[PDB]
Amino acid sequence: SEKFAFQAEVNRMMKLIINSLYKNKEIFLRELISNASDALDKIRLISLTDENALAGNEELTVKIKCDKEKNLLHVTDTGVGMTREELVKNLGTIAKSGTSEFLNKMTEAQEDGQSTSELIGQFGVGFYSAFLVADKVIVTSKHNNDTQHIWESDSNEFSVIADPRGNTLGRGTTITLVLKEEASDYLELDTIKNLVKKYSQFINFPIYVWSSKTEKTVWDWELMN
């Protein structure tokens, strides 16, 4: 277990994003789904050049799960996943060149009254908007080139640890949101299914929500797109 501070610019970026989307919190789920989609594209593109790419997990899905009792929301993809060093660098620092650009266009647009939600989506920085609804964000990731690890943060710092549960994802990433008290509605299946549907019509991968039929109850993955 290693402890880390966020880079200064990521602290600023977190605040810009939270402020930009404060009255549209639900866009957090849009961005998590987009990130999962990009991750599935990446492994799909890798499988064109590497016969083993999918060996760790033969599926390509996004699977969402509400856990009312533990107050958790889980967004799981079987995409490319992240190595330990990518968990640290990609989430904890300004890692790409596009991210800096985003910082400039965001502040210029935000002073000029121009729309910013598109900026967040364009540059793929929406991960941080999970903090509008969660007190704790947890990222479990398994990448073909590393062992499974857990990233966790309350936004005031983050830590990364080897997952003691070993390789349970096979390949891919689970974003786990410890929801704020004011965000318990994101644990309701009807809420989540409408949002998931709303945000997944463009995803070139199937997206499922763990749902109940129903005194007899049957739970199963329900395709959303």
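Quick note: we count residues from 1 along the sequence shown, nothing fancier. If you superpose the two forms and keep the largest set of C-alpha atoms that fall within 1.5 Å, you have the rigid core.
Practice problem: Consider 168-176 and 23-31 separately and indicate which one has Cα atoms farther, on average, from the shown form in 9 other deposited structures of this protein after rigid core alignment. | Solution: After the core superposition, the stretch with higher RMS deviation in 9 other deposited structures of this protein is 23-31.
Exercise. Output the stretch, either 6-14 or 201-209, that has more C-alpha displacement from this form in 9 other deposited structures of this protein following superposition by the rigid core.
Key: More C-alpha displacement in 9 other deposited structures of this protein shows up in 6-14.
Quiz item: Taking the other compared PDB entries with both flanking residues modelled, is residue 126 unmodelled in at least a third?
Solution: No, residue 126 is modelled in every one of the other compared entries that cover both of its flanks.
Quiz item: At least a third of the other compared entries lacking residue 102?
Solution: In at least a third of the other entries, residue 102 has no coordinates.
Quiz item: According to the PDB entry, how many deposited residues between residue 214 and residue 215 are absent from the model (none, 1 to 3, 4 to 9, 10 or more)?
Solution: 10 or more residues are missing.
Quiz item: Mean C-alpha B-factor higher for 129-137, or for 88-96?
Solution: Stretch with the greater average CA B-factor: 88-96.
Self-check item: 14-22 versus 202-210 - which carries the larger mean C-alpha B factor in the record
Solution: Higher mean C-alpha B-factor: 202-210.
Practice problem: By the entry's C-alpha temperature factors, tell me which of 189, 46, 179, 64 sits highest. | Solution: 189 has the highest C-alpha B-factor of those listed.
Practice problem: Among 42, 30, 68, 171, single out the one with the highest C-alpha B factor in the record, please. | Solution: It is 68.
Practice problem: Would you mind checking where the Cα B-factor of residue 34 ranks among the modelled residues of its chain, as the lowest, middle or highest third? | Solution: Middle third.
Exercise. Just say lowest, middle or highest third for the CA B-factor of residue 105 relative to the other modelled residues in its chain.
Key: For residue 105, whose C-alpha B-factor we compare with every modelled residue in the chain, the answer is the highest third.
Exercise. Relative to the other modelled residues of the same chain, rank the CA B-factor of residue 55 and answer lowest, middle or highest third.
Key: Ranked within chain, residue 55 CA B lands in the highest tercile.
Self-check item: Position of residue 77 among the chain's modelled residues by C-alpha B-factor, lowest, middle or highest third
Solution: Answer is lowest: the recorded C-alpha B-factor places it there.
Quiz item: Going by what the PDB entry lists, where does residue 114 fall on CA B-factor within its chain: lowest, middle or highest third?
Solution: As the PDB entry reports it, the C-alpha B-factor of residue 114 lands in the highest third of its chain.
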